[PDB]
Amino acid sequence: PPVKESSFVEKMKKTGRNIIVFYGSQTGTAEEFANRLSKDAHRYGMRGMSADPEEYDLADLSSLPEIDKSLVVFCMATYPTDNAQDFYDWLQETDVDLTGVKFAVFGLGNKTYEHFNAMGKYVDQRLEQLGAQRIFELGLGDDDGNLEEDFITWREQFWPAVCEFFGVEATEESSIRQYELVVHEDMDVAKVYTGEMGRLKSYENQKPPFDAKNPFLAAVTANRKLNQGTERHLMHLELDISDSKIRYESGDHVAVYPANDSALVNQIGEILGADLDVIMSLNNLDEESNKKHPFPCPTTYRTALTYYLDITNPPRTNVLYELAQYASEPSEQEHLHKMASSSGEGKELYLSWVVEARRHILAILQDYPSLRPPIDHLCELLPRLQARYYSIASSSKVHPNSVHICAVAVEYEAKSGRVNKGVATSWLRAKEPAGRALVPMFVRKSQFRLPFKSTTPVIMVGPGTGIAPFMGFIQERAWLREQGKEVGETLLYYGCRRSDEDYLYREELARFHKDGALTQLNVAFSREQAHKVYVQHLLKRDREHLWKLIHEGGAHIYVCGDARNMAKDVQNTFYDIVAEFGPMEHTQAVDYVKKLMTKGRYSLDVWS
Ligand SMILES: Cc1cc2nc3c(=O)[nH]c(=O)nc-3n(C[C@H](O)[C@H](O)[C@H](O)COP(=O)(O)OP(=O)(O)OC[C@H]3O[C@@H](n4cnc5c(N)ncnc54)[C@H](O)[C@@H]3O)c2cc1C
Ligand SMILES: Cc1cc2nc3c(=O)[nH]c(=O)nc-3n(C[C@H](O)[C@H](O)[C@H](O)COP(=O)(O)O)c2cc1C
């Protein structure tokens, strides 16, 4: 387990802080919201700190009242995030009295998902049960609409509520730097970071175990085009994890740390008139903080912009707010300044011109030519470049030393006028098997798993790239049959546009079906006729048999792919099947299916 830092309350006392903001975050959204709230404190005569609850023992919350006008805020996203597990387990377990504790929670969720803001709601509810007093209403941010805006709305009401309760004054301050720039003219190249994530030279000198902090650089042994046509580009990659000691199972995910497009990095440097090869460090102006830098330093701006910073997603409102000061044309400074509005034209412009048009930082620098911020401050403002997850497309029973990836390359026309390229997929696509192509990765254990007993029936639904984990599932069920095991029915419900356009793993699937590994290979070709044909239309077609498998055969259902519409439509079709054959009313059919998920017989691996 992690070695906990010493009491966060004592740390707050020693540094004159009265507010602490904890972040439950997986892809850094809640973390950035916490950082923003922590920084806001200064604007109201207070002082805060942002913190990862995993590095602390939240039992010390009971000591928080020892600090006058103290308050704790929780920015929690749902998936309970890995870093919030300890805190979560603690909440359920303790009977500690948090009398005198003042709190507020802001949840990050997405309605297209089952348990919307479950974590956020739990924390807010539990702290009250334990005796603490809510200082502001629970926030319910929905990433399906616009999370940034929900945060803005909440934040705007939160602070005045806080000032009113503690009797503090709102004042309105000038720009404040979190880090100071230190340029290094003399530096042993052996101490300059070049893209590694953890220890310096950890990419060059690999040492297990390998994880998110110390990714394993896996060699790309294969990278082939899966689709037959040219409308899009879908690919299959095989990463060699030999000698990595990494363990995995069909259903797990593989994460990769990509590199941004070099041309995009070069242009940002060029438009800002900056020398990207300058070696430097951004050092926290708060020498007490454990966050010494915003990213591994010392390093060059080029390396930072390539491996450490997100330069492709639309900049958040606070970033544009802080950049406004560097736009010399009044109208541009005004537009940038107003992006953080909670209503009106400023808000509408942010939603349409930045978010909807998908303008990345370079696009904004190009379209607002008066905006010329210094490179070091920009690097301090940009979010960190995140790893991308993929559903491992292979079975470890068959490929113990290789992790396969099935992915669609992202490349689309943005309303901003440019063609936007997906970071990880463009980078993966360019990896050519060999001075060999290496991909920094690690595996994340999931709960998406084949049944324990070989005899249990399996129903897999995964159109498009949703086929990914099922290639592994099928490889494994085929292996079991080869091993003399008794394997129940294995049905695949797959979907693509046309058999001659993007039928992924066409030959492999035909083989598994021929050999009996697949009991049924049901494929919906959505564009081979005037009307759409989807996997759920095939599920409805086979309702009688599927009900038999589910109700009498104890079958396990698996859905993978599009979380936005496909997953929901498929779930609805299952409701209808249950409703008809139970038989039972729709409401009871829903409870039936929801119960299957709790009992591990209806699993999901969907993304958007
Ligand atoms: C658990 C999990 C499993 C996953 N499994 C797989 C998998 O097995 N195979 C796979 O291909 N992907 C999978 N993904 C998705 C994957 O992690 C990446 O999100 C995806 O590959 C795109 O990454 P990228 O870096 O190439 O694109 P990025 O640079 O990250 O850009 C992605 C963003 O581009 C924007 N965008 C995409 N198209 C448009 C458009 N047409 N118009 C406007 N905006 C658009 C959206 O905001 C999208 O979020 C999975 C994701 C999760 C979370
Ligand atoms: C695999 C996956 C599963 C998710 N499951 C849920 C969920 O059950 N409930 C919910 O409200 N949001 C869910 N979300 C949405 C996130 O909670 C939302 O995007 C949040 O903003 C992410 O914050 P982070 O970057 O700080 O982790 C999911 C997102 C992904 C990618």
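If you count by UniProt numbering, then the sequence shown holds residues 62 to 140, 145 to 236, 238 to 500, 505 to 678, one letter each, in order. Cβ coordinates follow ideal geometry from the N, Cα and C atoms, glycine included.
- Query: Which first and last residues belong to the alpha helix (DSSP H) in which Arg514 is found?
  - Reply: Looking at the DSSP string, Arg514 is not in any alpha helix (DSSP H); the run it does join, the beta strand (DSSP E), is 508-514.
- Identify the residues that DSSP records as bridge partners of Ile627: which are they? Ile529, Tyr672
- Item | Residue from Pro126, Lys669, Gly261 with nearest C-alpha to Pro281 | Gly261
- Item | Strand pairing of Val474, partner residues [DSSP] | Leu300
- Message: Within 8 Å, do at least three Cβ pairs link the segment 464-478 to the segment 101-111?
- Response: no
- Given a threshold of 16 other Cβ atoms within 10 Å of its Cβ, counted over all protein chains shown, does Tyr478 qualify as buried or as exposed? exposed
- Any 3 or more C-beta pairs closer than 8 Å across the segment 545-562 and the segment 640-655: no
- Per-residue DSSP class, three states only, for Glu479: strand
- Message: Only counting the same chain, and skipping five residues up and downstream in sequence, which positions put a Cβ closer than 8 Å to that of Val676?
- Response: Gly536, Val629, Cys630, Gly631, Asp632, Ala633, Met636, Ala637
- Check whether the Cβ of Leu591 sits closer than 8 Å to any heavy atom of ligand 2, and report yes or no. no
- Secondary structure at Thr366, three-state DSSP: helix, strand or coil? strand
- Query: Based on the DSSP output, what are the partners of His319 in its beta bridges?
  - Reply: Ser457, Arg514
- Message: Which residue wins for smallest C-alpha separation from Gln606, given the options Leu562, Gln599, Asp215?
- Response: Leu562
- Query: When DSSP builds the beta bridges, which residues end up paired with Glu246?
  - Reply: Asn349
- Query: How about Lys186 and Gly206: do their beta carbons lie closer than 9 Å?
  - Reply: no
- In the structure shown, what three-state DSSP assignment does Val469 receive? strand
- Task: Give me whichever residues DSSP pairs with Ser111 in a beta bridge.
- Result: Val82
- Bridge partners - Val258, DSSP secondary structure assignment: Paired residues: none, contrary to the question.
- Please state whether DSSP places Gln590 in a helix, a strand or coil. strand
- Near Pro126, what residues of its chain come up, given a Cβ to Cβ distance below 7 Å and the 5 sequence neighbours on each side ignored? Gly165, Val166
- Message: Please list the terminal residues of the continuous beta strand (DSSP E) segment that includes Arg547.
- Response: First-last for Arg547: 538-552, but that is the alpha helix (DSSP H), not the beta strand (DSSP E).
- Message: Looking at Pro145: is its Cβ nearer than 9 Å to the Cβ of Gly85?
- Response: yes
- Task: Assign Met636 to one of three DSSP states: helix, strand, or coil.
- Result: helix
- Item | For ligand 1, residues whose Cβ lies under 6 Å from any non-hydrogen atom | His319, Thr378, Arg424, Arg454, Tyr455, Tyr456, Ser457, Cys472, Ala473, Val474, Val476, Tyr478, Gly488, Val489, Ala490, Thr491, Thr535, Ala538, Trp677
- Query: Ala256 to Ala325, Cα distance in whole Å?
  - Reply: 21 Å
- Check whether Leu351 and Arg243 have beta carbons under 9 Å apart: yes
- Looking at C-alpha atoms only, which residue of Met511, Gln190, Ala625 is the closest neighbour of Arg313? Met511
- Message: Below 8 Å, is the gap between the Cβ of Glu92 and the nearest heavy atom of ligand 2?
- Response: yes
- For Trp617, which option in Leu588, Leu666, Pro533 has the closest C-alpha, if you only look at C-alpha atoms? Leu666
- Query: Cβ of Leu431 within 9 Å of Cβ of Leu338?
  - Reply: yes
- Query: Can you name, in chain order, every residue of its own chain whose Cβ lies under 7 Å from the Cβ of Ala102, other than the five neighbours on each side?
  - Reply: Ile80, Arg108, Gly109
- The beta strand (DSSP E) with residue 720 in it runs from where to where? Limits of the chain in this structure are 62 at one end and 678 at the other, which puts residue 720 out of reach.
- Message: Pop quiz: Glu66 and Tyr117 are said to be a contact at Cβ under 8 Å. What is the actual Cβ separation, rounded to whole angstroms?
- Response: 6 Å
- CB of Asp208 to nearest heavy atom of ligand 2: below 8 Å? yes
- Can you name the start and end residues of the alpha helix (DSSP H) that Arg613 belongs to? 613-617
- Anyone know if the C-beta pair for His250 and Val474 falls short of 9 Å? no
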